[PDB]
Amino acid sequence: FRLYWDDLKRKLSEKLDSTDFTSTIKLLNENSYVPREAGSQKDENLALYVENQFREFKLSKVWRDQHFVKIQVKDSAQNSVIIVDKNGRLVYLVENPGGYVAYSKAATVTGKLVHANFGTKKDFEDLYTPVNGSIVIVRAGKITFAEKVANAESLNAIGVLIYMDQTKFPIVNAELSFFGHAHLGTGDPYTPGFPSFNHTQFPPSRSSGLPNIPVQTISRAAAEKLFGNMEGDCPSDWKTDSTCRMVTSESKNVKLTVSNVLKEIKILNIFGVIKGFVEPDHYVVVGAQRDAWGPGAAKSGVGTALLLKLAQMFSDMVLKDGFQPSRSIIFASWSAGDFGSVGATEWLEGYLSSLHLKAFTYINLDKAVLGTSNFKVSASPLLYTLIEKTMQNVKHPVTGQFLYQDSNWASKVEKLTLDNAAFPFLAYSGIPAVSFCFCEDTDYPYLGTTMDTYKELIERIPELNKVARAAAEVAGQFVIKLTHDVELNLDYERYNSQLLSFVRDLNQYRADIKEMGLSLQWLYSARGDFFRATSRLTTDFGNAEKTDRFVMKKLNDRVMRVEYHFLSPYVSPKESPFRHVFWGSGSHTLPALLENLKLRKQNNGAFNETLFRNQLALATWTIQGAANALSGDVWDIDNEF
Amino acid sequence: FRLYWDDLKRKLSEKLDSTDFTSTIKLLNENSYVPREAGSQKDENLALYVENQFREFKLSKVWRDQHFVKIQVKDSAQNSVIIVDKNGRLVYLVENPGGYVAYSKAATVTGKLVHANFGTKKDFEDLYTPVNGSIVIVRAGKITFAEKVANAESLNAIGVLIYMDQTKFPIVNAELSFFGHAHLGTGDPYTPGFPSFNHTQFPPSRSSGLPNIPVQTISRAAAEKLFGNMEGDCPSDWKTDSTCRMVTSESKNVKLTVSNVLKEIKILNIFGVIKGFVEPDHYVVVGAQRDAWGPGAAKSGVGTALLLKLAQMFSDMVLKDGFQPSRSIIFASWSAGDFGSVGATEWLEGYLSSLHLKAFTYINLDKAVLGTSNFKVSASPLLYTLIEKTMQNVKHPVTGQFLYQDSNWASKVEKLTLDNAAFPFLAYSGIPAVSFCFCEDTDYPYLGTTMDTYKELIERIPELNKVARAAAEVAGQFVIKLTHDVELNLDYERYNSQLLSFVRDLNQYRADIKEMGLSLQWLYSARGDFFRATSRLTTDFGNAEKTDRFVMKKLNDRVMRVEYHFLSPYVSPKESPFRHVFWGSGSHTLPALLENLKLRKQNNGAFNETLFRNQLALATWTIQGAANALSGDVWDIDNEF
Amino acid sequence: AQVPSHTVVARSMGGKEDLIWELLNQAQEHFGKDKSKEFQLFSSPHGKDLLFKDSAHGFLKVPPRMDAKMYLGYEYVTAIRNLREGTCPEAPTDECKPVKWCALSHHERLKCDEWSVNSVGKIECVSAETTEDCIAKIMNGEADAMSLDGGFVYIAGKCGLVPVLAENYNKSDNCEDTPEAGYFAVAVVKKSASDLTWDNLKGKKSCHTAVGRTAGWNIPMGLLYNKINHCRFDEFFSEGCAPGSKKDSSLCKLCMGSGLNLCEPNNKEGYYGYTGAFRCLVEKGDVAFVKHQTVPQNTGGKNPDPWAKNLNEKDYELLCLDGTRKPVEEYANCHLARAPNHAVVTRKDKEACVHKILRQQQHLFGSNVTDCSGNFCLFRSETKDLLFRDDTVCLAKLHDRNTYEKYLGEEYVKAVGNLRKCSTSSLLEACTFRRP
Amino acid sequence: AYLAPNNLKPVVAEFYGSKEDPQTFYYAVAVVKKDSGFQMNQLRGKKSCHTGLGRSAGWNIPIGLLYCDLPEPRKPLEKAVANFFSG
Ligand SMILES: *[C@@H]1O[C@H](CO)[C@@H](O[C@@H]2O[C@H](CO)[C@@H](O)[C@H](O)[C@H]2NC(C)=O)[C@H](O)[C@H]1NC(C)=O
Ligand SMILES: *[C@@H]1O[C@H](CO)[C@@H](O[C@@H]2O[C@H](CO)[C@@H](O)[C@H](O)[C@H]2NC(C)=O)[C@H](O)[C@H]1NC(C)=O
Ligand SMILES: *[C@@H]1O[C@H](CO)[C@@H](O[C@@H]2O[C@H](CO)[C@@H](O)[C@H](O)[C@H]2NC(C)=O)[C@H](O)[C@H]1NC(C)=O
Ligand SMILES: *[C@@H]1O[C@H](CO)[C@@H](O[C@@H]2O[C@H](CO)[C@@H](O)[C@H](O)[C@H]2NC(C)=O)[C@H](O)[C@H]1NC(C)=O
Ligand SMILES: *[C@@H]1O[C@H](CO)[C@@H](O[C@@H]2O[C@H](CO)[C@@H](O)[C@H](O)[C@H]2NC(C)=O)[C@H](O)[C@H]1NC(C)=O
Ligand SMILES: *[C@@H]1O[C@H](CO)[C@@H](O)[C@H](O)[C@H]1NC(C)=O
Ligand SMILES: *[C@@H]1O[C@H](CO)[C@@H](O)[C@H](O)[C@H]1NC(C)=O
Ligand SMILES: *[C@@H]1O[C@H](CO)[C@@H](O)[C@H](O)[C@H]1NC(C)=O
Ligand SMILES: [Ca+2]
Ligand SMILES: [Ca+2]
Ligand SMILES: [Fe+3]
């Protein structure tokens, strides 16, 4: 007999009901694997362990890939931070911090220190004192490290100290130290745009996102020792402690020495594929990080455990239970995700032309379990409908209610941040990507620190097997739904809603465009033309035989192409890599257009207006171009008729 | 019953035997159509005539497109050229030439005049006198106008006069004047990279290939009047007349005033499609220019006549004779091909995402009949095998022998030049393109002049109906062969031969690469890996059922993709448009790599060597990337195993 | 013409061969040759040729190696493909299409690509993973020529291939025409252990080159097979290294390569081949089985490799058949047995083009080309012994001797014929099953 | 049956001799009537009976031996053989 959807759902609940994730998360925290830097020996031991497992689960093919990258590691001379007196007669040590920031510049700076709450552009614009020729101190949160260092570099500061404090992060001890990278953008930064193999001879090339100022993390008691000499008062708008202050006293000023060296190491990605029966060409990629600077229980252990048990469930279900997936499935395990996710970016920049339009969905298992209260999802909108159906079938781990409690959940979904690996997939290659967490309201306190381990985890979350059971169930649902049937479950009218929101926002400035001599009407006709495209393709699914397969092939290629066509054809993929107009970086994207048009009404003479004419032309014809390419052939297009 | 190949061949000979092309070429030279500038009223009359014909032949759908471009036309003030004495007391007129060069700069210059035989870089390097601060005069031939003006601009000249002389062009009168454009690259130059519709609001943007010096054509007697004051002697290496000289006398020096204005006109492309029965998605495009500055008998009349009669033969053969083409066919008629082929480039930049990987062959009927002696073909190498079979079946018009007389015809095939419309298709969009002429050994003498008409044509070629009968027969063979069967007749081992030639050339400098610390071996393994790709796909055609269609679909998509993957993914398509590594323009292509590596042994310190490392890395991984993407899936790739 | 028989077919992945073969085994033992009158399987009154043929008399199992292209042969698939596609070949036979040489695993493939570019185009390279798989790739028709030792000239010659050119090992002016005699096979033992004799090898360690070769397999296990008289060998030796055996053995257990590449018969095994077997002896071995030419080529810094840089030849000695230790310089007083030279094999229809092309290629890139570093040398490698043996001078033209049996010769064919019931190579089973 | 998408595999063959000596190959012959008196080479315009299309001793061997003597066009094969015999 055959198997239909409800059989696969109840069978995944039966087979996923038995196994226990707790021993595997305990095993990945053993004394044989507890420090895991990128390219260390322990990483290769866990690597050959995972490849040994994928060989043992009898997957259809298991294969290993390796790269050679350049990372930033510590050296023999300790990097440190010191109050220097105005007299200079004697020297006071704060600490020799165990943490270091990756890709900081090897330098030493002296100067005054200014508190800079989050370093966000809004938080720099409301700042009382000038920032030039000075060192800033910020607290961790709300954005990546690299955007803090990039913003403080833009306002011409000379150094950045980063801490974490009591209000955001309540931790018992004030002594632990943590880790971060400061590369704006992803990838191995000494090979931008092209992969880091032996084939490319390693030419001299340097990415743009690297900072040029020293960056250093400090502990919380180190911060309070600095606040002994600080003065001023934190504003009440800042949810902060009572001990913080604003600027440094007129006599004393800090000094930080940071010494880091560039090591060249060997990255070892490990892959394993289950074939497909209907067509094995197209495939969904499921990924997980593998290494972290501390012990890495909740950062890399949870995702690797969900990866291994998830591979055991699908391989077992295909081999014994007779499930026949129509599309193949690639499982991935990636090294050095901590230095800005270089396993994913080197694998995408390596094999771009091989998975151009073949691969069609990425799923990220990384950081799946942090809290027990809330469910937070973030995805490309072609998956939204999919997520909504999954949220109605997976029962919450604590309470018996379903996950689908809010009907307006599509309004609370926020943008994929730069630290996540879904962002190089979606923003770079044009593949629809998803990432989901059982997150808590406050931040997880010790995430990239030395304390993160299984003991503090199971003390935090008192029952872990039911929670990770639920997250593995959700990530099972996404794979079974995409690969069980001849119809891809991607949904494109969500993109139509996104376009509507954009044009409503731009409509609020119609008077300005009307008086530049420009007309806004062509973008109205562009959006409406996209509506006629997706409505035409919905009726084309309406009039087709679903059991016939060749007429479903020609339509599924169009559904897989409607993600790719939003990539701008007009920017250089080596200069500005993330070229998706809705979720990208640079000046070509749509919120950059809207942002520049806001600086038009600012009237301080800081906008460009020929750049604005080019941005409206290229964005208008990109939306129009995707709308024509979705609906039918060339001759079936109608313009001006 | 069904129809097989030999039935289609004999039926095309029977049906093509009857009709006469001579009246139609005579009709396109009537007093109702004899001047045809771009966007003039006569062009719209011929336009609605051709659309009326395509409606009358009962094609499956006929549709019209329009653009708005910016061209260069004459004004009221006559542009002229004058000998200015050193005294300046009195002025001597040479002529008020009827010709003008398109896209020249509106200016006036005085100075000395230096003969610059062809303006080729080799012909500038062997030049006796310095070229700065001076006007050059060149004779027409061997390259496009724009490369002459670009080279003389690069050596800092201030103006270019262009003529045609007796040795290359033997014409009875020395008085006729001619036309050319001087835009390096194709397309409407005020919209680079994006199309010129009403949707794009017309932003201010200017292409790079536009010159900044005045350019002017002169007649031959005007040239001899200049050579009255010239002195020196032409070298005997130059096949030239007896009246030419080198430089201008110390007293006298020329002055040219060129006034041209930018007009904005309406281009009117006209299209017509025959559907397909097996799959109507993929289609071959057959094109032809329609307007020329003079009467345009051999430049635009012949191609339009072959287009109309060719459409009548295929539409008649499908409707009555029962021929069923597996793929659809688009016929095209393009305005303003004279100003650097802007109909094709605006149609490609307009509908790029619509015909991305759908369209798979372009055929150019333009300038098909010039001479009666030789057959000259130029194509992308996937068509080479195709051309060879056609050259064995089409009988020569004068003598009874076949066209296939040389066995090494693949060595005499030369590169697609920039003036041809096949070059934007192949170099820009990545579609295999072909262009063929019955050419004569010497150049056709009056090609862009005012004399080109049917009288001088039929005086030149004494029998025209048999010759144009033969060229229409060849262009019939290409369409019937590509669309009659389930197997595409593209051939990829020709590309394999091209790679071999490249690596042999680079091997001649192996010592230099060996002493830069670079190893050349990875490119050897790249080429050999491409051989394993195409050999694997040849056996995959070996083991497939040809009558089954779904397993032929998956292989034909790979054959259609092997052209696309040679486009560099690393350059900006707006900055440098022609991005095909074998036949492109810029610094990313392969002969640019080989050229820079020659300047390494030049040792005058004029090469770059970090640019060389980047060029070897990106070219190596582009060849390797296409080789992996041809052979199988991701996991079926083997590197280092 | 002759045709192959009718065949029960079934799908590949879903299977299953064993169940059909059990059922038809009981069918052929009860119902074939008139054991039962009450039912016949090959004849029926309702009609003839139903479910099976009438003139059949029994069922034979197809080996697991043989797929359909190896089943039908090459002439039959070529004829049926020219008949479906509809082409009458003229083939006038003037010029030669480029030879598709075969390689294996990223070192042979590297070298082969470099030779494909240094030649003008007459040589192109297609790679396999093991040498049996490449011989099959010559039979069904993707690969043309290959150089391989005599123990595989036996297998490929039995599968229907002919050797054309032989390798020479002796430098002479007339090497290209003179048929050489054939190299000697020895076993090397330590100086540190002088207790080793031929009469006692049991329970003591060993090192072999590869399973199925001449000096590593046929010459040792023939002369051993007279004395042990057992077909298994992991019981006679405590453990050894012989790559190309099965993964359960100790023979694949003591070998070097990792991970998952242990006992895998390519150059990615560290102990593979001649130099790898010698490194097996030096690192972890009691006896090794190599050619006589191995020790002076790995003695005294002839390799820039470290472990071979420190060694000397007056230690590492060869033992005899009667048990008496002979020093290293005299191999002729006690060789184990002779072995014929390595030879290049190909299909019969390409023999003229492989012959004419390779005689051209040996002149341009052969042994007279000095300044070997930086420029191309066809035969010199970095002691991985790839595509050809590293000490070859020229390659000899063979006239009048182009079969497997006339090339290999009587004593050697008798030796492998004594070994023949113990060979476990599945390709040999397939090429034997094809025979009537 | 070997071709894609069928992907079949031959698993069990059968021999035709006695059990004293199995024979895996068998022969292909062409039986005629006595005193018909015609050669093999000029066999056009006659009545032929085949055991099937694509079968071994019925189709591939006779059309292969008779194959190159037919004039162009040879594709498709059944049209050319259909014009070779008179039915
Ligand atoms: C690929 O390139 C890298 C060079 O970056 C090689 O790896 C390193 O090579 C250098 C030079 O000898 C040494 O530091 C080590 O051998 C390697 N460093 C490591 C592993 O951390 C690598 O050998 C090259 N691969 C090939 C096949 O040439
Ligand atoms: C207005 O925008 C353009 C952005 O393109 C700024 O720079 C121009 O950049 C193009 C290509 O990068 C080049 O032509 C020149 O570098 C700039 N163009 C011109 C006409 O200057 C430009 O600087 C911006 N203007 C202001 C005042 O910010
Ligand atoms: C599309 O753009 C064209 C630009 O060529 C507009 O046509 C011109 O409009 C101006 C302003 O009214 C006038 O010079 C003429 O009406 C047009 N010029 C020429 C040469 O025809 C046109 O209005 C735009 N819109 C539409 C709907 O066509
Ligand atoms: C050598 O080629 C490089 C590559 O283009 C050029 O040098 C630098 O190139 C980068 C990349 O575009 C630019 O950002 C730099 O501004 C270039 N350097 C300078 C000094 O301008 C350059 O064309 C060549 N010459 C040198 C000396 O680098
Ligand atoms: C290797 O080849 C050489 C030829 O280069 C053989 O040399 C001959 O040796 C014998 C005895 O030493 C001499 O009598 C001959 O005159 C030599 N031939 C010449 C000089 O042409 C040598 O025998 C060969 N070795 C083997 C083992 O076959
Ligand atoms: C930078 O800071 C210094 C303080 O040392 C101040 O004098 C100067 O005005 C600042 N720069 C600007 C542009 O305001
Ligand atoms: C060209 O201009 C003047 C006049 O010959 C000369 O002095 C100058 O050096 C030349 N070169 C350049 C680059 O200006
Ligand atoms: C060796 O090389 C020289 C020059 O290349 C050549 O003339 C000679 O014939 C070669 N000898 C042999 C034996 O190949
Ligand atoms: Ca990279
Ligand atoms: Ca344009
Ligand atoms: Fe050997």
# chains A, B, ... in the order shown; residues from 1 in each chain; ligands from 1
call {"tool": "closest_atom_pairs", "arguments": {"of": "chain A", "to": "chain B", "cutoff": "9 Å", "atoms": "only C-alpha atoms", "output": "Markdown table"}}
result
| residue | atom | partner | partner_atom | distance |
| --- | --- | --- | --- | --- |
| A:61 | CA | B:635 | CA | 7.4 |
| A:62 | CA | B:635 | CA | 8.3 |
| A:63 | CA | B:635 | CA | 7.3 |
| A:65 | CA | B:639 | CA | 8.5 |
| A:193 | CA | B:570 | CA | 7.6 |
| A:194 | CA | B:618 | CA | 7.5 |
| A:195 | CA | B:621 | CA | 8.8 |
| A:198 | CA | B:522 | CA | 8.5 |
| A:199 | CA | B:522 | CA | 5.9 |
| A:200 | CA | B:617 | CA | 4.3 |
| A:201 | CA | B:617 | CA | 6.4 |
| A:202 | CA | B:617 | CA | 7.8 |
| A:203 | CA | B:613 | CA | 5.6 |
| A:204 | CA | B:610 | CA | 7.0 |
| A:205 | CA | B:614 | CA | 8.5 |
| A:272 | CA | B:635 | CA | 8.7 |
| A:273 | CA | B:635 | CA | 7.9 |
| A:280 | CA | B:633 | CA | 8.7 |
| A:281 | CA | B:633 | CA | 6.8 |
| A:350 | CA | B:625 | CA | 8.3 |
| A:351 | CA | B:625 | CA | 7.3 |
| A:352 | CA | B:625 | CA | 8.2 |
| A:353 | CA | B:629 | CA | 6.2 |
| A:354 | CA | B:629 | CA | 4.7 |
| A:355 | CA | B:634 | CA | 7.6 |
| A:518 | CA | B:201 | CA | 7.3 |
| A:519 | CA | B:201 | CA | 7.8 |
| A:522 | CA | B:199 | CA | 5.6 |
| A:523 | CA | B:199 | CA | 7.9 |
| A:526 | CA | B:199 | CA | 8.5 |
| A:550 | CA | B:550 | CA | 7.4 |
| A:565 | CA | B:353 | CA | 7.3 |
| A:569 | CA | B:573 | CA | 6.6 |
| A:570 | CA | B:574 | CA | 5.2 |
| A:571 | CA | B:572 | CA | 5.5 |
| A:572 | CA | B:572 | CA | 3.9 |
| A:573 | CA | B:570 | CA | 5.7 |
| A:574 | CA | B:570 | CA | 5.6 |
| A:575 | CA | B:572 | CA | 8.6 |
| A:610 | CA | B:204 | CA | 7.2 |
| A:613 | CA | B:203 | CA | 5.6 |
| A:614 | CA | B:203 | CA | 6.0 |
| A:616 | CA | B:200 | CA | 7.7 |
| A:617 | CA | B:200 | CA | 4.6 |
| A:618 | CA | B:200 | CA | 7.2 |
| A:619 | CA | B:200 | CA | 8.9 |
| A:620 | CA | B:200 | CA | 6.6 |
| A:621 | CA | B:200 | CA | 6.2 |
| A:624 | CA | B:199 | CA | 8.3 |
| A:625 | CA | B:353 | CA | 6.7 |
| A:626 | CA | B:353 | CA | 7.1 |
| A:628 | CA | B:354 | CA | 6.9 |
| A:629 | CA | B:354 | CA | 4.5 |
| A:630 | CA | B:354 | CA | 7.9 |
| A:632 | CA | B:354 | CA | 8.5 |
| A:633 | CA | B:354 | CA | 6.8 |
| A:634 | CA | B:354 | CA | 6.2 |
| A:635 | CA | B:63 | CA | 7.0 |
| A:639 | CA | B:65 | CA | 8.3 |
| A:640 | CA | B:65 | CA | 8.9 |
call {"tool": "write_last_selection", "arguments": {"atoms": "C-alpha atoms", "output": "compact mmCIF listing (two decimals), in the first residue's frame"}}
result
# COMPACT_ATOMS: atom_id res chain seq x y z
CA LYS A 61 25.67 8.65 0.33
CA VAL A 62 27.89 10.31 2.94
CA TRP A 63 30.59 12.71 1.83
CA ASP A 65 34.39 18.41 2.27
CA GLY A 193 32.81 36.11 -3.28
CA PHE A 194 34.95 33.16 -4.36
CA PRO A 195 35.49 29.97 -2.36
CA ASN A 198 43.21 24.84 -3.16
CA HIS A 199 42.05 25.54 -6.72
CA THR A 200 41.97 29.30 -6.37
CA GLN A 201 45.68 29.65 -5.46
CA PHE A 202 44.74 31.95 -2.48
CA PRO A 203 45.12 35.41 -4.02
CA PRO A 204 45.53 38.56 -1.93
CA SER A 205 42.05 39.95 -1.37
CA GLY A 272 24.82 13.06 3.99
CA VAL A 273 22.03 12.54 1.47
CA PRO A 280 16.28 13.14 -7.01
CA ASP A 281 17.55 16.38 -8.55
CA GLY A 350 31.84 27.05 -3.78
CA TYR A 351 28.95 25.19 -5.34
CA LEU A 352 26.73 28.04 -6.51
CA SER A 353 26.36 26.91 -10.10
CA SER A 354 25.69 23.36 -9.02
CA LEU A 355 22.69 24.20 -6.84
CA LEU A 518 8.60 61.99 -11.13
CA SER A 519 5.38 60.01 -11.33
CA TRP A 522 4.31 53.02 -12.79
CA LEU A 523 5.09 51.27 -9.53
CA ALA A 526 3.99 47.12 -11.29
CA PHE A 550 4.88 16.50 -16.66
CA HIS A 565 13.97 36.55 -9.71
CA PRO A 569 20.70 41.55 -11.79
CA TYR A 570 22.34 44.95 -11.65
CA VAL A 571 24.77 44.73 -8.73
CA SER A 572 28.13 43.00 -8.69
CA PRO A 573 27.97 39.75 -6.69
CA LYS A 574 31.58 40.20 -5.62
CA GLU A 575 31.24 43.81 -4.45
CA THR A 610 20.32 61.02 -8.84
CA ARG A 613 16.25 58.31 -9.63
CA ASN A 614 18.42 55.26 -10.34
CA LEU A 616 13.42 54.02 -8.42
CA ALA A 617 14.18 52.96 -11.99
CA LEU A 618 15.95 49.74 -11.05
CA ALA A 619 13.55 48.78 -8.25
CA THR A 620 10.54 49.50 -10.47
CA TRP A 621 11.87 47.39 -13.30
CA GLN A 624 8.01 44.55 -13.11
CA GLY A 625 10.53 42.06 -14.44
CA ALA A 626 9.67 39.39 -11.90
CA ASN A 628 6.37 39.47 -16.27
CA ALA A 629 8.58 36.43 -15.81
CA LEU A 630 6.06 34.72 -13.56
CA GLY A 632 3.42 32.92 -18.97
CA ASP A 633 5.64 33.36 -21.99
CA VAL A 634 7.08 36.38 -23.77
CA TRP A 635 4.22 36.96 -26.22
CA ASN A 639 2.29 46.13 -22.08
CA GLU A 640 0.38 49.17 -23.41
call {"tool": "closest_atom_pairs", "arguments": {"of": "chain C", "to": "chain D", "cutoff": "9 Å", "atoms": "only C-alpha atoms", "output": "CSV"}}
result
residue,atom,partner,partner_atom,distance
C:1,CA,D:28,CA,5.6
C:2,CA,D:27,CA,4.6
C:3,CA,D:25,CA,5.2
C:4,CA,D:25,CA,4.5
C:5,CA,D:25,CA,5.6
C:6,CA,D:13,CA,6.1
C:7,CA,D:13,CA,4.5
C:8,CA,D:12,CA,5.1
C:9,CA,D:10,CA,4.4
C:10,CA,D:9,CA,5.5
C:11,CA,D:8,CA,4.5
C:12,CA,D:9,CA,5.8
C:17,CA,D:11,CA,6.4
C:20,CA,D:12,CA,8.3
C:21,CA,D:12,CA,7.2
C:24,CA,D:12,CA,8.9
C:33,CA,D:19,CA,8.8
C:53,CA,D:14,CA,9.0
C:55,CA,D:16,CA,5.7
C:56,CA,D:16,CA,4.5
C:57,CA,D:16,CA,5.2
C:58,CA,D:14,CA,5.4
C:59,CA,D:14,CA,4.1
C:60,CA,D:13,CA,5.2
C:61,CA,D:12,CA,4.9
C:62,CA,D:11,CA,5.2
C:63,CA,D:11,CA,7.8
C:64,CA,D:11,CA,8.0
C:66,CA,D:10,CA,8.3
C:67,CA,D:9,CA,6.3
C:68,CA,D:10,CA,6.3
C:69,CA,D:2,CA,8.5
C:71,CA,D:10,CA,8.0
C:79,CA,D:64,CA,7.3
C:80,CA,D:60,CA,6.7
C:82,CA,D:64,CA,9.0
C:83,CA,D:64,CA,6.7
C:84,CA,D:77,CA,7.7
C:85,CA,D:75,CA,7.8
C:86,CA,D:75,CA,6.0
C:87,CA,D:74,CA,8.0
C:88,CA,D:68,CA,5.7
C:89,CA,D:68,CA,8.7
C:434,CA,D:24,CA,7.9
C:435,CA,D:24,CA,7.9
C:436,CA,D:23,CA,5.2
call {"tool": "interface_residues", "arguments": {"of": "chain A", "to": "chain C", "cutoff": "12 Å", "atoms": "only C-alpha atoms", "output": "PDB file with C-alpha atoms, in the first residue's frame"}}
result
ATOM      1  CA  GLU A  44      37.951  16.596  13.976  1.00  0.00           C
ATOM      2  CA  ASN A  45      37.105  13.937  16.560  1.00  0.00           C
ATOM      3  CA  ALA A  47      33.639  15.325  12.861  1.00  0.00           C
ATOM      4  CA  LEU A  48      34.737  11.740  12.310  1.00  0.00           C
ATOM      5  CA  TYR A  49      32.199  10.757  14.963  1.00  0.00           C
ATOM      6  CA  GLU A  51      30.552  10.952   9.712  1.00  0.00           C
ATOM      7  CA  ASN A  52      30.819   7.578  11.429  1.00  0.00           C
ATOM      8  CA  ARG A  55      27.796   5.935   7.718  1.00  0.00           C
ATOM      9  CA  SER A  60      22.373   6.763   0.520  1.00  0.00           C
ATOM     10  CA  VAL A  62      27.889  10.314   2.938  1.00  0.00           C
ATOM     11  CA  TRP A  63      30.587  12.708   1.826  1.00  0.00           C
ATOM     12  CA  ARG A  64      33.116  15.020   3.405  1.00  0.00           C
ATOM     13  CA  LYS A 275      17.891   9.965  -2.377  1.00  0.00           C
ATOM     14  CA  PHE A 277      12.220   8.348  -5.901  1.00  0.00           C
ATOM     15  CA  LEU A 319      14.403   2.003   5.253  1.00  0.00           C
ATOM     16  CA  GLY A 322       8.275   2.227   3.475  1.00  0.00           C
TER      17      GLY A 322
END
call {"tool": "atom_distance", "arguments": {"atom1": "atom CA of residue 57 of chain B", "atom2": "atom CA of residue 477 of chain B"}}
result
20.6 Å
call {"tool": "residues_near_ligand", "arguments": {"ligand": "ligand 9", "cutoff": "8 Å", "atoms": "only C-alpha atoms and all ligand atoms", "output": "ChimeraX atom specification"}}
result
/A:187-196,342,345-346,349-350
call {"tool": "closest_residue", "arguments": {"among": "B:90, B:131, B:278, B:46", "to": "ligand 7", "atoms": "only C-alpha atoms and all ligand atoms"}}
result
B:131
call {"tool": "select_by_dssp", "arguments": {"residues": "chain D", "states": "alpha helix (DSSP H)", "output": "ChimeraX atom specification"}}
result
/D:61-65,77-84
call {"tool": "residues_near_ligand", "arguments": {"ligand": "ligand 7", "cutoff": "10 Å", "atoms": "only C-alpha atoms and all ligand atoms", "output": "mmCIF file with C-alpha atoms, in the first residue's frame"}}
result
data_model
loop_
_atom_site.group_PDB
_atom_site.id
_atom_site.type_symbol
_atom_site.label_atom_id
_atom_site.label_comp_id
_atom_site.auth_asym_id
_atom_site.auth_seq_id
_atom_site.Cartn_x
_atom_site.Cartn_y
_atom_site.Cartn_z
ATOM 1 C CA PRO B 130 53.493 61.363 -31.790
ATOM 2 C CA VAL B 131 49.697 61.436 -31.824
ATOM 3 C CA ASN B 132 48.850 63.757 -28.887
ATOM 4 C CA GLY B 133 47.173 67.106 -29.557
ATOM 5 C CA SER B 134 46.364 66.199 -33.137
ATOM 6 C CA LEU B 155 46.366 57.878 -27.381
ATOM 7 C CA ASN B 156 44.942 61.351 -26.598
ATOM 8 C CA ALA B 157 44.078 62.567 -30.099
#
call {"tool": "residues_near_ligand", "arguments": {"ligand": "ligand 3", "cutoff": "7 Å", "atoms": "only C-alpha atoms and all ligand atoms", "output": "PyMOL selection string"}}
result
chain B and resi 68+198+264-266
call {"tool": "select_by_dssp", "arguments": {"residues": "segment 94-272 of chain C", "states": "strand (DSSP E)", "output": "PyMOL selection string"}}
result
chain C and resi 99-104+123-128+145-148+162-167+183-189+206-207+240-241
call {"tool": "residues_around", "arguments": {"residues": "residue 390 of chain A", "least_positions_apart": "5", "cutoff": "9 Å", "atoms": "only C-alpha atoms", "output": "list in words"}}
result
residues 385, 403, 404, 474, 477 and 478 of chain A
